[PDB]
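>>> sequence and experimental coordinates follow.
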Amino acid sequence: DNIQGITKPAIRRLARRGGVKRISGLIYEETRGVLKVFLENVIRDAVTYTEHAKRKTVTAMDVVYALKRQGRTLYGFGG
Amino acid sequence: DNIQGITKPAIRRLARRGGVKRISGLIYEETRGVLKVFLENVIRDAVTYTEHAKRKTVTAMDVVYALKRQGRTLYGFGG
Amino acid sequence: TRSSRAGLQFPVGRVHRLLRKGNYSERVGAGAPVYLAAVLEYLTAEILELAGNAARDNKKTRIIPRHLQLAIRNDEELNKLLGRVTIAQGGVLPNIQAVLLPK
Amino acid sequence: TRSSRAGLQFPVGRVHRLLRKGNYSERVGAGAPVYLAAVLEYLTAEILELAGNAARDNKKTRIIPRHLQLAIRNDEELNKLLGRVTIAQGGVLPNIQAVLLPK
Amino acid sequence: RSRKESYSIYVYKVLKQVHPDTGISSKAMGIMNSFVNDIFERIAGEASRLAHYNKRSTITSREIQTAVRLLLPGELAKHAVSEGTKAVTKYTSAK
Amino acid sequence: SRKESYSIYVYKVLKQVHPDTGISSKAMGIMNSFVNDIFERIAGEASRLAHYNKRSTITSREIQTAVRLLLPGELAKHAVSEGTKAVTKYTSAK
Amino acid sequence: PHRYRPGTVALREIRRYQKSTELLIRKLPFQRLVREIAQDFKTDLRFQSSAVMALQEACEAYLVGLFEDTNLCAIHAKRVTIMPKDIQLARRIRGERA
Amino acid sequence: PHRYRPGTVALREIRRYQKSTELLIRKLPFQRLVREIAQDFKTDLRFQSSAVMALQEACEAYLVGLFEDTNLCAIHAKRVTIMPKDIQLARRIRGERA
DNA sequence: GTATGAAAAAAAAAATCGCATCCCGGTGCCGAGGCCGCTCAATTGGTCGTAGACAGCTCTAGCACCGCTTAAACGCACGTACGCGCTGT
Ligand SMILES: [Ca+2]
Ligand SMILES: [Ca+2]
């Protein structure tokens, strides 16, 4: 149940970077939900790239190729 | 000045299809603005495809290839 | 005909040609075009099925665009697939946010 | 070296190879890789220039990620180009919507 | 004239299979036409990338599969994956 | 095995534009990604331009058209220019 | 003297236009606009009748879309009346402007 | 005792975290989450240390983004406090859910 | 239903305070910058074939004519719901 390892104050941090001044308590859960959905949707594809390469270890590139697929392109990990 | 050829009642129509119940007067201009920006951004590329084909007549395909570029893909004109 | 070996209507031959000529890769596994052609067929079917129903519900023998939209937009999965896709003469699903209705 | 004929640092040879091997088309006009290599070089430059400035303003000899972000996001054009692009250790441009400020 | 290839005859066949006593307007056919070509390009593209990523020059039925898993939503993939695995097996065993 | 980059070229170009300024490995990786991205964007669009007009040959002309579509105004003009320049200068070099 | 109350017709107008698919801009005024905008990029151009309609389709569709998203932004502010600021938000979030 | 008024610290916290780039989720709890979620799709998998960080980067970035867009949805309702309904709107318009 | 003028209330301004960021120097280390051998991929230049460059024929279908019938568009104003701003739990 690692989703709670995303601590209220760490989300607080993320929203502070997002320029948020004030944060309803309901949010923290909502966020965890969205994060799960995100990581799910990404990793699924990321793993699916691994499974195609017949590897049992996920590469940085596997992640990048996926994030690129989900229109969320990431620089600084090659590709 | 054909942008006014986009008549208040025609925009009204579009917003009614959008499920809009009530419409501020300021909107009609705002809309015309956004529409111009849209058609501009599209046609520019659409023409740029024509200019590459050394044609002086814009094809349906020229339009489609562009709308596809601007992530607004269109079916029914031979995609 | 290769299509009749795989038990497909869609043209496994035409597919195989399009793939080589399409600048996708140097070489193309004879199984690929079969697999693909079937997918296409399946999806084509999966739509036409739902559309054929939408046509019946409008008391029409012929499928028009609107039927395709009505079908695609009401099925959650087809929608997500055709997210960035505009359907000519599509119209929109009747949808009127509740707070706009009277009391 | 072809690069030294076109007056470029970027590798016109390596480009030309990547294009053939990249499954973009059967044939590749010997001019293309030159043209491309130059564009890449120009853009590479156009960024590093702005980044190099951002580095100076922070009193730093070495460009770190943040500098690239700070440069790209402040230039209107580079931004629009790198719209759906995330920059590792980028951070965001300090921006606090006015209605959040006190007094 | 030109000789502009479609997919409209196949759609027709498949239409009769699924709804024998229902037809289709030219406008709608054009859409279905676009629809196929779109998904083709989506898959081919992703496959082409799958190949290029693993240093393969050959796009097999295996690549097409992986691509479909990435491109299609869950239930629609399973069905597609199945109807594809089926057609390969059935063709390889037809000589 | 040998992992090809673009990091030496970036360096050269860095010294040309800011001789007395360096770059962190992290940032270099980004610039690396950045090039490869835009490459693929252009190549792709060009490849399509070819395929659209029934051409098997991608010329410097296709690359140009692609760049006009992919880059914003002022950035294109400059790119179009720095590209036209390099072609002219190579064709006249033999 | 018979009169429908503010909104009642609007709500009718919606049902009506949601149900149909026919293009809601007048074809000529649009065609003239397209050509006007084309002249910016090159002079004395010609257009496939289909290429004009193809545009009109995209536009109307797009706008209807934007209004859909706009209407939500309005509602989200406890408002029934869409305002420019609503569009402006939608686009901002859509990632069309900054 | 000396005390800063509700929000004054928040505004400081913002400036602080906007200026920096360091990842704001704790690396291990995240790494553990990633692996937990991976096991759903295949068991006995391994992850490049870089592939973990690469994800965390995307996530944090994405969320920060969503909050940016979220904060605007809130403000747009004359509110300073973000609420679930604000996220829900942002995503709806972004085109993440229906 | 609308301009005079003095006690409630609500905001501005200014002296203690203390608190947290900003700038200085001074300490340590770590990863940027350049040396080597080593390889792979670029140059060189002919061997060959094919794309497209070039001029011409077909016909296409996109531009301009007409004048009538028509609904759509423009406009006004009358009045009701929708906004917007104030207060108070
Ligand atoms: Ca700016
Ligand atoms: Ca003319």
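Done, it's in. Numbers count the residues shown, from 1 in each chain, chains lettered A, B, ... in the order given. Ligands and ions are numbered 1, 2, ... in the order given.

>>> could you use CA atoms for every contact and neighbour count after this?
Fine.

>>> so what's residue E:10 up against?
By CA atoms under 8 Å, 6 or more residues apart in numbering or on different chains, residue E:10 lies in contact with C:9, C:10.

>>> which SS class is it?
helix (DSSP: H, G, I helix; E, B strand; the rest coil).

>>> ok, residue G:21 next?
coil.

>>> ok, the closest residue to it other than its chain neighbours - how many residues close by?
The shortest distance from residue G:21 to any non-neighbouring residue, by CA to CA, 6 or more residues apart in numbering or on different chains, is to residue C:91 (4.2 Å). Each residue near residue C:91 was counted by other CA atoms under 10 Å in any protein chain shown, and the total is 24.

>>> chain center to stretch C:5-17: distance?
From the chain centre to the centre of stretch C:5-17 is a distance of 17 Å (CA atoms, centre = their mean, to the nearest Å).

>>> with stretch C:31-48 instead?
Stretch C:31-48 sits 10 Å away from the centroid of its parent chain (CA atoms, centre = their mean).

>>> the residue in chain A that chain B sits nearest to: how many residues sit nearby?
Proximity of chain A to chain B (CA to the nearest CA) peaks at residue A:71, 11.4 Å away. A total of 10 residues lie near residue A:71 under the criterion other CA under 10 Å.

>>> can you tell me the SS state at it?
Taking three-state DSSP as the rule, one finds residue A:71 in the coil state.

>>> wait, it sits on residue D:84?
Yes - with contact defined as CA atoms under 8 Å, residue A:71 reaches residue D:84; the gap is 6.4 Å.

>>> which parts of chain C are strands?
Along chain C, the stretches classed as strands by DSSP state E are C:27-28, C:62-63, C:85-87.

>>> how about the strands in the chain?
Just going to use chain A. Under DSSP E, chain A gives strands at A:22-23, A:57-58, A:73-75.

>>> that's the wrong chain, I wanted chain G
Secondary structure of chain G (DSSP E): strands located at G:46-47, G:81-82.

>>> how far away from the center of its chain is the first one?
When C-alpha coordinates are averaged (CA atoms, centre = their mean), strand G:46-47 and its chain have centres 24 Å apart.

>>> with stretch G:73-88 instead?
16 Å.

>>> convert that stretch to PDB, retaining C-alpha atoms only.
The C-alpha trace of stretch G:73-88 is given here as PDB (Å, rounded to 0.1, in the frame of the first residue of the first chain):
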ATOM      1  CA  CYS G  73     -15.200  26.800 -17.100                       C
ATOM      2  CA  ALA G  74     -18.200  29.200 -16.800                       C
ATOM      3  CA  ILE G  75     -20.300  26.600 -14.800                       C
ATOM      4  CA  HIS G  76     -17.200  26.000 -12.600                       C
ATOM      5  CA  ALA G  77     -17.600  29.700 -11.600                       C
ATOM      6  CA  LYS G  78     -21.300  29.100 -10.600                       C
ATOM      7  CA  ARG G  79     -22.200  30.900 -13.900                       C
ATOM      8  CA  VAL G  80     -24.600  29.900 -16.700                       C
ATOM      9  CA  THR G  81     -23.300  32.600 -19.100                       C
ATOM     10  CA  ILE G  82     -20.000  31.900 -20.900                       C
ATOM     11  CA  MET G  83     -17.600  35.000 -21.000                       C
ATOM     12  CA  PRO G  84     -14.400  35.700 -22.900                       C
ATOM     13  CA  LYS G  85     -12.400  34.900 -19.700                       C
ATOM     14  CA  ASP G  86     -13.900  31.400 -19.700                       C
ATOM     15  CA  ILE G  87     -12.600  30.700 -23.300                       C
ATOM     16  CA  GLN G  88      -9.300  32.300 -22.300                       C
END
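
>>> is that stretch anywhere near chain H?
Yes - legend: contact between stretch G:73-88 and chain H by CA under 8 Å from any CA of the partner chain is shown at G:73, G:76, G:77, G:78.

>>> quick one: is that stretch near chain B?
Yes - applying CA under 8 Å from any CA, one finds that stretch G:73-88 is in contact with chain B at G:80, G:81, G:82, G:83, G:84.

>>> quick one: contacts of that stretch?
With CA under 8 Å, 6+ apart as the test, stretch G:73-88 has contacts from B:20-24, B:26-27, B:30, C:100, G:66-67, G:69-71, G:89-90, H:73, H:76-78, H:89.

>>> buried residues in the longest helix anywhere in chain E?
As assigned by DSSP state H, the longest helix anywhere in chain E is helix E:26-53. Within helix E:26-53, the residues that count as buried by 16 or more other CA atoms under 10 Å in any protein chain shown are E:27-40, E:43-52.

>>> returning to that earlier point: give me the distance between the residue of chain A closest to chain B and chain D.
Note on residue A:71: its distance to chain D, by CA to the nearest CA, to the nearest Å, is 6 Å.

>>> near whatever residue of chain E ends up closest to DNA strand I, how many other residues are there?
Nearest residue of chain E to DNA strand I, counting by CA to the nearest atom of the strand: residue E:1, 6.6 Å away. As a burial measure, residue E:1 scores 3 neighbours (other CA under 10 Å).

>>> pretty sure it sits in a strand.
No - if the criterion is three-state DSSP, then residue E:1 is coil and not within a strand.

>>> CA atoms of stretch G:5-22 as PDB?
Provided in PDB are the C-alpha atoms of stretch G:5-22 (Å, rounded to 0.1, in the frame of the first residue of the first chain):
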ATOM      1  CA  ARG G   5     -39.200  33.100 -20.700                       C
ATOM      2  CA  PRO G   6     -35.500  34.000 -21.100                       C
ATOM      3  CA  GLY G   7     -33.600  30.700 -21.700                       C
ATOM      4  CA  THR G   8     -36.500  28.500 -22.700                       C
ATOM      5  CA  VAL G   9     -35.800  29.000 -26.400                       C
ATOM      6  CA  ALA G  10     -32.000  28.700 -25.900                       C
ATOM      7  CA  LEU G  11     -32.600  25.200 -24.300                       C
ATOM      8  CA  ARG G  12     -34.800  24.300 -27.300                       C
ATOM      9  CA  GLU G  13     -32.100  25.700 -29.700                       C
ATOM     10  CA  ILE G  14     -29.500  23.400 -28.000                       C
ATOM     11  CA  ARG G  15     -31.600  20.100 -28.300                       C
ATOM     12  CA  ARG G  16     -32.300  21.100 -32.000                       C
ATOM     13  CA  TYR G  17     -28.600  21.700 -33.000                       C
ATOM     14  CA  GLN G  18     -27.100  18.900 -30.800                       C
ATOM     15  CA  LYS G  19     -29.500  16.400 -32.600                       C
ATOM     16  CA  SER G  20     -28.500  17.600 -36.200                       C
ATOM     17  CA  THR G  21     -25.000  17.500 -37.900                       C
ATOM     18  CA  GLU G  22     -25.500  20.200 -40.700                       C
END
